[PDB]
Amino acid sequence: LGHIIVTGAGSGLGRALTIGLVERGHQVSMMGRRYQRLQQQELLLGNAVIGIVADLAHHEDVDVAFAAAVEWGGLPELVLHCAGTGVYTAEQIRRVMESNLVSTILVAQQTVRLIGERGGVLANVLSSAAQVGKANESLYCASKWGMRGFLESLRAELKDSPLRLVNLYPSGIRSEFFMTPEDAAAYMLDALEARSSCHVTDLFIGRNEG
Amino acid sequence: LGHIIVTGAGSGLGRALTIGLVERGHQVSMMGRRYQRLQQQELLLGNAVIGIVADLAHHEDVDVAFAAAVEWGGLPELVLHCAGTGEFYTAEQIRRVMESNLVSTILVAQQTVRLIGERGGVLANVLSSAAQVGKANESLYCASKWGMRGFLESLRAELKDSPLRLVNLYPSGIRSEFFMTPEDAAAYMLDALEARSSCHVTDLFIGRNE
């Protein structure tokens, strides 16, 4: 009955979050760039979800994807935005930030439009991939700080509006070959549980010691 | 699961945190200054708790408190420090509560590093902002809250290569001198303190529902 939208649903993180919300009885509109991963999730979870293929970095593409989501599940209670992640060149830089900041901005504006008056939750994942040496670090910092700048500025603007902004920070998730998606998701979904007198506004998760 | 130490155990929040932990199966050493509250809670929770009277700003109370705690329940797996204070400036009087906050924070922290620094476990600190309804002494609380945060973030970075983990919890808008309930706040904090294999929550920010 409870409709949730999850972007980057094909990521290890987005997969785990989608699975977890389903297990907690929610319907989930999965948005992702990679259709094969959306289908594999549809095969696993069936009528509890739909895969909407969308590239969230273009204003029209966002409009279309959200229209199908609302079409299938009605207005959402939670928009879970998983921006994911990724000697630098311009062409290397544009791509990264446009998949990240642009998607973040467009999903947020589309969410304000859709549920700004009705209320609900806009949850953003500013994930931090575990590097073994910190090679490309400064571009990731640029990326995540920009997103945080935008969102905390948007949340202060949405003071007194029924729409709540929640920012979630899993630091140390895997890619290219120690925080598991499952554990990350479980903290995040517990944190996103509704309670009468309060909610979690910010959640920082870090890796365990060896 | 294991033995926990709760400071400020008779405050609304400290009490809810204790009740929540005892319900989760833990044995709880309950530290605080309000001896009847502790006595009441001992009668309410029976064998699962012990009431330890301590002014945690006084080194001697601190040593005696932890000796008694460890002697009753063994080394803690978790020390949960609720400094928790608000006023309603002068130098001579008002430094009392403001300094009891920091000093108790520094002392509990230091006792915790000593007892469980090598073994490992969790030092969890509660940095509350009460729902003042007036705004009157706000710069004083900021000073206190930021003092504590600065000490703790410095201690945390200092402890990077050690199994003792430092967790900071920020319930911003609790009931006060007598919107956010202690019960909802505790529930969020104890979920976030739940242990998992690959990661743990480092910082939790809880905010009022509008």
Side-chain angles (χ1 to χ4, degrees), chain A residues 190-191 193-201, chain B residues 4-24 26-46 48-57 65 69 78-88 96-98 100-102 104-105 108 124-138 140-141 144-145 148 167-194 204-210:
Chain A
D190 286 3
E193 286 278 311
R195 306 199 191 272
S196 305
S197 63
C198 58
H199 62 296
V200 161
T201 55
Chain B
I4 313 278
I5 288 173
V6 178
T7 293
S11 66
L13 186 55
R15 176 194 151 187
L17 277 171
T18 311
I19 290 161
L21 256 0
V22 165
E23 282 191 12
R24 286 152 130 101
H26 301 288
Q27 287 296 105
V28 180
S29 288
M30 299 183 299
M31 298 185 186
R33 295 209 57 165
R34 293 166 241 212
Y35 70 98
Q36 316 109 321
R37 261 148 204 233
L38 300 178
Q39 285 182 160
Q40 288 161 17
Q41 284 163 226
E42 282 190 306
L43 286 163
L44 180 84
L45 303 178
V49 292
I50 195 189
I52 294 161
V53 192
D55 178 5
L56 292 174
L78 158 62
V79 176
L80 226 177
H81 180 250
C82 306
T85 325
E87 201 276 316
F88 108 87
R96 84 298 229 64
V97 158
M98 247 172 43
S100 88
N101 286 326
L102 224 120
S104 74
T105 290
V108 177
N125 276 278
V126 178
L127 289 68
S128 271
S129 310
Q132 52 194 356
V133 125
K135 211 98 160 205
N137 299 138
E138 217 261 309
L140 215 68
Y141 311 144
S144 173
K145 183 200 196 174
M148 285 181 279
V167 183
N168 290 340
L169 310 168
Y170 299 81
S172 212
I174 229 128
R175 303 235 142 257
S176 90
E177 102 241 284
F178 279 108
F179 260 107
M180 176 185 311
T181 77
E183 291 91 3
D184 290 342
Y188 278 130
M189 297 167 77
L190 294 189
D191 282 355
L193 294 172
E194 295 274 319
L204 182 73
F205 292 81
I206 307 159
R208 272 158 79 253
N209 286 352
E210 102 284 300

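All values below come from the heavy atoms of this structure, side chains included, with hydrogens, waters and symmetry mates left out. Residue numbering restarts at 1 for every chain, and letters A, B, ... go by the order of the sequence lines.
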Minimum-distance pair of heavy atoms, taken over all atoms of B/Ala136 and B/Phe88: CB-CE2, 3.9 Å

Residues in side chain to side chain contact (heavy atoms under 4.5 Å, CB included) contact with B/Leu44, at least two apart in sequence or another chain: B/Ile19

B/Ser100 side chain vs B/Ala57 backbone, donor-acceptor pair below 3.5 Å: no

Sequence-distant partners of B/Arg34, salt bridge (charged side-chain N to carboxylate O under 4.0 Å, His left out), two or more places apart: none

Side-chain donor-acceptor pairs under 3.5 Å in residues 126-133 of chain B, sequence neighbours left out?
| unit_1 | atom_1 | unit_2 | atom_2 | d |
| --- | --- | --- | --- | --- |
| B/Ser129 | OG | B/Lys145 | NZ | 3.4 |
| B/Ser129 | OG | B/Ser172 | OG | 3.4 |

Salt bridge (charged side-chain N to carboxylate O under 4.0 Å, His left out) partners for B/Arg24, two or more places apart: B/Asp191, B/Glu194

Partners passing ring pair (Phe, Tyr, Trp, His ring centres under 6.0 Å) against B/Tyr141 (at least two apart in sequence or in another chain): none

Minimum heavy-atom distance between B/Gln41 and B/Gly10, given as atom pair plus value: OE1-CA, 3.6 Å

Flag, side chain of B/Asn209 to backbone of A/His199, donor-acceptor distance under 3.5 Å: yes

Side chains of B/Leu13 and B/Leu17 in contact at under 4.5 Å (non-hydrogen atoms): yes

Pairing residues for B/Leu38 by the side chain to side chain contact (heavy atoms under 4.5 Å, CB included) criterion, not counting sequence neighbours: B/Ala9, B/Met30, B/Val53

Residues that B/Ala48 engages under side chain to side chain contact (heavy atoms under 4.5 Å, CB included), provided they are two or more places apart: B/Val22, B/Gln27

Side chain to side chain contact (heavy atoms under 4.5 Å, CB included) partners for B/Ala187, two or more places apart: A/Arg195

Nearest heavy-atom neighbours spanning B/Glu138 and B/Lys135: CB-O, 3.5 Å

Qualifying residues under side chain to side chain donor-acceptor pair (under 3.5 Å), relative to B/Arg37, sequence neighbours excluded: none

Side chain to side chain donor-acceptor pair (under 3.5 Å) involving B/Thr18 - partner list, sequence neighbours excluded: none

Partner residues of B/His26 under the side chain to side chain donor-acceptor pair (under 3.5 Å) criterion, sequence neighbours left out: none

Under the side chain to side chain donor-acceptor pair (under 3.5 Å) test, residues paired with B/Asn125 that sit two or more places apart: B/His81

Nearest non-hydrogen partners of B/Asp184 and A/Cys198, listed with the distance: CB-SG, 3.5 Å

Full working for side-chain contact (heavy atoms from CB on, under 4.5 Å) between B/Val6 and B/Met31: CA-CA 6 Å; B/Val6 178; B/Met31 298 185 186; over 6 Å; no

4.5 Å side-chain heavy-atom contact, B/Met189 and B/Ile206: yes

Side chain to side chain contact (heavy atoms under 4.5 Å, CB included) partner of B/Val28, chosen from B/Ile5, B/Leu21, B/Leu78: B/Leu21

